[PDB]
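Everything below belongs to data06.txt, which stores compact mmCIF, C-alpha atoms.
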# COMPACT_ATOMS: atom_id res chain seq x y z
CA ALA A 1 -8.23 17.26 -5.60
CA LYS A 2 -11.17 17.46 -3.17
CA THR A 3 -13.60 14.94 -4.66
CA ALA A 4 -12.63 11.75 -6.55
CA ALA A 5 -14.32 8.54 -7.73
CA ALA A 6 -12.80 5.61 -5.84
CA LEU A 7 -13.26 1.84 -5.56
CA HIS A 8 -11.77 0.11 -2.49
CA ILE A 9 -11.25 -3.56 -1.58
CA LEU A 10 -10.05 -4.49 1.93
CA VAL A 11 -8.55 -7.98 2.35
CA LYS A 12 -8.28 -9.46 5.87
CA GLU A 13 -5.46 -11.89 5.01
CA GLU A 14 -2.48 -11.30 2.70
CA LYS A 15 -2.80 -14.70 0.97
CA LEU A 16 -6.17 -13.68 -0.52
CA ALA A 17 -4.73 -10.30 -1.58
CA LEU A 18 -2.01 -12.09 -3.58
CA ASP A 19 -4.66 -14.40 -5.08
CA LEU A 20 -6.74 -11.32 -5.96
CA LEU A 21 -3.83 -9.48 -7.61
CA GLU A 22 -3.05 -12.58 -9.69
CA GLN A 23 -6.80 -13.20 -10.12
CA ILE A 24 -7.26 -9.67 -11.52
CA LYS A 25 -4.36 -10.18 -13.93
CA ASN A 26 -5.57 -13.63 -15.08
CA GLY A 27 -9.23 -12.51 -15.16
CA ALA A 28 -9.32 -8.73 -14.51
CA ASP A 29 -12.48 -7.45 -12.80
CA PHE A 30 -11.95 -4.80 -10.11
CA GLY A 31 -15.67 -4.07 -9.61
CA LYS A 32 -16.89 -7.69 -9.40
CA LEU A 33 -13.90 -8.88 -7.33
CA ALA A 34 -14.48 -6.09 -4.79
CA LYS A 35 -18.20 -6.85 -4.37
CA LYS A 36 -17.74 -10.60 -3.75
CA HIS A 37 -14.65 -10.43 -1.49
CA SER A 38 -15.70 -7.39 0.59
CA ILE A 39 -18.90 -9.14 1.78
CA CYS A 40 -19.20 -6.16 4.16
CA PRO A 41 -21.83 -3.49 4.81
CA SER A 42 -19.69 -1.31 2.51
CA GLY A 43 -19.21 -4.01 -0.12
CA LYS A 44 -22.04 -2.56 -2.23
CA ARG A 45 -21.09 1.04 -1.39
CA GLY A 46 -17.43 0.87 -0.28
CA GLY A 47 -16.84 -1.22 -3.42
CA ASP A 48 -18.34 1.79 -5.25
CA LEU A 49 -18.58 4.98 -3.17
CA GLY A 50 -18.84 7.02 -6.39
CA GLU A 51 -17.27 10.46 -5.90
CA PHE A 52 -16.58 11.71 -2.36
CA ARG A 53 -14.31 14.35 -0.78
CA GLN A 54 -10.67 13.39 -0.05
CA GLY A 55 -11.62 13.38 3.66
CA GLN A 56 -14.67 11.10 3.97
CA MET A 57 -13.73 7.53 4.72
CA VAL A 58 -10.04 6.60 5.18
CA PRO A 59 -7.11 9.02 5.25
CA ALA A 60 -4.72 6.50 3.63
CA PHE A 61 -6.88 7.01 0.52
CA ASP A 62 -5.95 10.70 0.34
CA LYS A 63 -2.24 9.81 0.22
CA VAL A 64 -2.39 7.42 -2.75
CA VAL A 65 -4.93 9.40 -4.81
CA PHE A 66 -2.40 12.23 -4.30
CA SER A 67 0.46 9.74 -4.81
CA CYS A 68 -0.68 7.62 -7.78
CA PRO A 69 -2.27 9.23 -10.83
CA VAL A 70 -6.02 8.72 -11.38
CA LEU A 71 -6.98 5.83 -13.71
CA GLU A 72 -4.13 3.94 -12.01
CA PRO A 73 -5.16 0.97 -9.88
CA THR A 74 -2.73 1.32 -6.95
CA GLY A 75 -2.41 -1.37 -4.26
CA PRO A 76 -3.04 -3.44 -2.52
CA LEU A 77 -1.91 -0.82 0.04
CA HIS A 78 -1.29 -1.26 3.80
CA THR A 79 -3.98 0.00 6.21
CA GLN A 80 -5.23 -0.90 9.70
CA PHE A 81 -8.36 -2.65 8.37
CA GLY A 82 -6.06 -4.92 6.32
CA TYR A 83 -4.90 -4.49 2.71
CA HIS A 84 -6.43 -1.53 0.82
CA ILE A 85 -6.38 -1.64 -2.98
CA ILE A 86 -7.67 1.62 -4.49
CA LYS A 87 -8.83 2.27 -8.05
CA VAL A 88 -8.85 6.01 -8.87
CA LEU A 89 -11.27 7.53 -11.39
CA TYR A 90 -12.17 11.11 -12.46
CA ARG A 91 -10.39 12.63 -9.42
CA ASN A 92 -12.92 15.51 -9.65
Taking this structure as input, can you express it in the form of C-alpha cells?
Amino acid sequence: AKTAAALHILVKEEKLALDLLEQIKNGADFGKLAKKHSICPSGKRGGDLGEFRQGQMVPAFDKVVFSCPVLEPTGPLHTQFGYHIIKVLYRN
C-alpha cells in the first residue's frame, strides 16, 4: 500500500520501552504516550503524521506495515534512532 496512517514512538533506552509496553497494557494510550515520551520536533507530528506514502520518513516502517496487518500495533521494533513502535491505521 502506498499511503498509510501511522503513529510512531522512538525510545532512546530499552528500559523505558519496556515500561511503555507495560504502561500501555496497564493504562493503554498510544497517542498520549507517544506525545509525552517523544518530546521531539516530530513528537506532535511524528506522533501523528496522518497518512503518508510508504517512502517518506523511515524505511523500517515500510517493512512492518507490509509485515503486520493494519490496526495492529506492532513493536517496539529495532531501528537506528532507537526502538520504533508503529501503530498502523487505514493503510490507504
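Near residue A:2, within 10 Å and counting all atoms listed in the file, sit residues 51, 52, 53, 54, 55, 62, 91 and 92 of chain A; same-chain residues fewer than 3 positions away were not included.
Straight-line separation from atom CA of residue A:68 to atom CA of residue A:21: 17.4 Å.
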Length of the atom CA of residue A:26 to atom CA of residue A:40 vector [Å]: 24.7 Å
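Here the question is which of A:59, A:15, A:42, A:50 gets nearest to residue A:3 using only C-alpha atoms, and that residue is A:50.
Atom CA of residue A:27 lies 25.1 Å from atom CA of residue A:61.
Across A:4, A:73, A:45, A:60, the tightest approach to residue A:29 is made by A:73 when counting only C-alpha atoms.
Using all atoms listed in the file, the shortest contact distance between residue A:39 and any of A:12, A:84, A:63, A:25 is found at A:12.
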At a cut-off of 10 Å, using only C-alpha atoms, what residues contact residue A:36? Leave out same-chain residues fewer than 5 positions from it and give the result as a count of residues only. 5
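Taking only C-alpha atoms into account, residue A:30 lies nearest to A:7 out of the set A:77, A:65, A:7, A:89.
Considering the residues A:33, A:28, A:49, A:70 and counting only C-alpha atoms, residue A:16 has its shortest atom-to-atom contact with A:33.
In this comparison, which uses all atoms listed in the file, the residue of A:82, A:75, A:88, A:10 approaching residue A:46 most closely is A:10.
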